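Trainee: Provided herewith is a single structure, encoded as structure tokens, for subsequent inquiry.
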Amino acid sequence: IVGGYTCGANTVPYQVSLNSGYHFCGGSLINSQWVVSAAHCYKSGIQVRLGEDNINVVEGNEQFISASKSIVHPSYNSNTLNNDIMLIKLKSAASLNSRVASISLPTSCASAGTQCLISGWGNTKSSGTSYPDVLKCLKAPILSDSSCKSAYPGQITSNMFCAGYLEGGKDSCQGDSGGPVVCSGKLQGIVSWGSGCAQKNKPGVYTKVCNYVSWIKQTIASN
Amino acid sequence: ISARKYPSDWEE
Ligand SMILES: [Ca+2]
């Protein structure tokens, strides 16, 4: 997260870290056994780390649980990042408490101008690299479809939206992928892609979670 | 296209 703030320990209790000997993507806990992340974050043998703030220090509220299953959207395309969504099943159910909690799925799609909370442990610089120990947060609005398409001609599908600030300085970045975009208490987006980070006229692009609610529920039911 | 995995999508 570039241009954000320190969230505060366990203030985003649905945020998870996907770890392979190091943090590489975020995710969102949607029930005690399932996490939503980005398809491009897929790798075998992931450890999900819940209840984190400082990802480099044991502070007492962590739960580390192996992924037992990974379900990438059947129509994911790595070339275009269309359908950039994955479901992860935990090997054992997380113990839900004040620091480890599920985020609700949408009942309808969000609109342009709605303020959302984007969070993660990704890069805090747009030039060079500076990675935080503690969770960072950013308030950002959803952009109009037309502004999103103008920013990224030919690359925005109906399963994506743009959020952020066209003047630059505030955005998600490498290491935030898979993490949440929450609007009015609903998980509306997944961090996906962008040109650079926090660059003028190049907002963040996010998977449009509302398109996938029936697929998510069907997948949880059958796995 | 530039995905936002760490350290990068290509660096895997
Ligand atoms: Ca920790």
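Naming works like this for the structure tokens: A, B, ... for the chains as they're shown, residue 1 at the start of each chain, ligands 1 onward in shown order.
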Set the cut-off to 7 Å and count only C-alpha atoms: what are the residues of chain B that reach chain A? Output as a tab-separated table (two decimals) with N, CA, C and O atoms, in the first residue's frame.

Mentor:
chain	number	residue	atom	x	y	z
B	2	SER	N	0.70	-5.97	-15.12
B	2	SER	CA	1.52	-6.14	-13.92
B	2	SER	C	0.66	-6.48	-12.71
B	2	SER	O	0.11	-5.60	-12.03
B	3	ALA	N	0.64	-7.79	-12.40
B	3	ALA	CA	-0.02	-8.29	-11.21
B	3	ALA	C	0.76	-7.85	-9.97
B	3	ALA	O	1.91	-7.42	-10.07
B	4	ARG	N	0.07	-7.91	-8.83
B	4	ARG	CA	0.59	-7.34	-7.59
B	4	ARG	C	0.97	-8.38	-6.54
B	4	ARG	O	0.89	-8.14	-5.32
B	5	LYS	N	1.49	-9.53	-7.00
B	5	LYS	CA	2.13	-10.46	-6.09
B	5	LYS	C	3.52	-9.99	-5.74
B	5	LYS	O	4.19	-9.30	-6.50
B	6	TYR	N	4.02	-10.47	-4.59
B	6	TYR	CA	5.35	-10.12	-4.16
B	6	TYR	C	6.30	-11.29	-4.42
B	6	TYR	O	5.93	-12.45	-4.13
B	7	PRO	N	7.53	-11.05	-4.93
B	7	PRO	CA	8.06	-9.73	-5.28
B	7	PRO	C	7.51	-9.15	-6.58
B	7	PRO	O	7.52	-7.92	-6.75
B	8	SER	N	7.05	-10.04	-7.43
B	8	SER	CA	6.33	-9.73	-8.67
B	8	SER	C	5.72	-11.00	-9.21
B	8	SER	O	5.96	-12.12	-8.74

Trainee: Please give me, as a VMD selection string, the residues lying within 12 Å of ligand 1 when counting only C-alpha atoms and all ligand atoms.

Mentor: chain A and resid 9 to 10 16 to 17 23 49 to 64 121 133 to 135

Trainee: Name the closest residue to residue A:102 among the candidates A:147, A:31, A:126, A:68; distances are taken between atoms, counting only C-alpha atoms.

Mentor: A:31

Trainee: One decimal, in Å: what's the spacing between atom CA of residue A:156 and atom CA of residue A:183?

Mentor: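 Spanning atom CA of residue A:156 to atom CA of residue A:183 is a straight-line distance of 20.4 Å.
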
Trainee: Near stretch 104-117 of chain A, within 8 Å and counting only C-alpha atoms, which residues show up once chain neighbours fewer than 6 positions away are dropped, as a list in words?

Mentor: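 Within the cut-off, the hits are residues 30, 137, 138, 139, 140, 141, 142, 143, 144, 145, 180, 181, 182, 183, 184, 185, 186, 187, 188, 209, 210, 211 and 213 of chain A.
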
Trainee: Determine which residues of stretch 21-209 of chain A DSSP labels as helix (DSSP H, G or I) from the backbone of this structure, then write them out as a ChimeraX atom specification.

Mentor: /A:39-41,145-151,209

Trainee: By how many Å are atom CA of residue A:77 and atom CA of residue A:37 apart?

Mentor: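 Atom-to-atom, atom CA of residue A:77 to atom CA of residue A:37, that is 15.1 Å.
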
Trainee: So what do you get for atom CA of residue A:75 versus atom CA of residue A:214, distance-wise?

Mentor: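 These two atoms are separated by 14.8 Å.
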